[PDB]
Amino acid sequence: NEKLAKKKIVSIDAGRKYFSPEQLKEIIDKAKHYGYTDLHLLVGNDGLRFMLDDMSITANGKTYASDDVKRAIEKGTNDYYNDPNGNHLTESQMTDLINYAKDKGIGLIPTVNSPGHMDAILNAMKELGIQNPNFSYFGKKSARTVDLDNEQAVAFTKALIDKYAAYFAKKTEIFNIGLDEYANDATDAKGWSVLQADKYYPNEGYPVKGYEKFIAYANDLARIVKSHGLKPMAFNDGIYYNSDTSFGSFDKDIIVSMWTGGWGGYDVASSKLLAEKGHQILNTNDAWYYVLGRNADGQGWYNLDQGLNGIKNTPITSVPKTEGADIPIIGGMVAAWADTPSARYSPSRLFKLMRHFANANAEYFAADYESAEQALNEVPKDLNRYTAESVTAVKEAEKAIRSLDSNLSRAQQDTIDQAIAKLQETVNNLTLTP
């Protein structure tokens, strides 16, 4: 019961790279088939590839017109990557996609990333006329990250998030605000250290109250998301970075997507600390990451063979940086990324990754009843013309399938499959009364 009740999630980076409604429906079909519960769809992640029908934004003592915001976001996303396959999903397409997923028992969790990984939103703000939205580090400007000292940029960004969250209200349950990898380009992946630095190394030109403002920012987004009845989620790396609780406290209602245990000189809070602070944790271990186009050993970090190895060697219960503690989880999430969005999207490669994650953790993933349902639909409805003995065998086989536990895992798939085979055999053995 506890294993099957977990969320099993596939994450798709449709922020950097365009994915069509058809492509996403196919992913949903596979997710359902392999026993997943949710699709985690990034739509704002460097690029921004989801447009509401009304994109008007009220901030900074004015309203930015819907059509101007749309044109700014379309231009801004293209400036990040002009994808020949498409620019954005429309509101009609999103609503249809969520409905399609819901009818299959699949939830959809969107991401609209900030204050990092927001190249397109920063570009859009510049197109609207907002001045100097980008964070800079000793003259090196981040293409991805907003300056938290810029009230006009921050106000616009929050109102944009609010607008998206208002749309997702009722139709989803979780909204990922991201919060990962602050100014990773401009600081050479040391952004959290940079934001915290002025407190400990004053008068050296580090951002004054940098990390303190980030906490306030994260918390305000959490408040905004919660106002819409949605649970806010965020990636772990900036949450109590360096295990430092002295700058302030994060909203406990933020679910933590735990993707990294950190690296040399990038010292993240342990999952133990985060649990102890009151956060629920979604295991998003980057052991399972796949970057499109990096399709085999040697082709770079998060290549497909690496991800498949991570899936074989790091179970769904193994959370980054536990300090040896027992870390409870709300579920697990395997993630595919489009760091190089011009890479060709290969469905079979993604589905292999998804299939392996489900098979490696089979007790956690729901069994497939699709074919059992179909087999029942294919039984002849009227059996009167057949012998009593052959009829009895069919009715017994039918009962046996309807008697199956409706909460079996992938680990018990063969139980379902044998029941299907037995029904098919009994139907084949139906004998006309002589």
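So that there is no doubt, residue numbering starts at 1 and follows the sequence shown.
The deposited model assigns a higher average Cα B-factor to 199 to 207 than to the other stretch when 315 to 323 and 199 to 207 are compared.
The deposited model assigns a higher average Cα B-factor to 131 to 139 than to the other stretch when 154 to 162 and 131 to 139 are compared. Going by the entry's values, 103 shows the largest Cα B-factor out of 220, 103, 253, 180.
Highest C-alpha temperature factor among 40, 33, 70, 49 per the entry: 33. When all modelled residues of the chain are sorted by CA temperature factor, residue 96 is found within the middle third. Sort the chain's modelled residues by C-alpha temperature factor and residue 45 lands in the lowest third, per the entry.
The deposited CA B-factor of residue 23 belongs to the middle third of values across its chain. The PDB entry assigns residue 339 a C-alpha temperature factor belonging to the middle third of its chain's modelled residues. Among all modelled residues in its chain, residue 171 ranks in the middle third by Cα B-factor.
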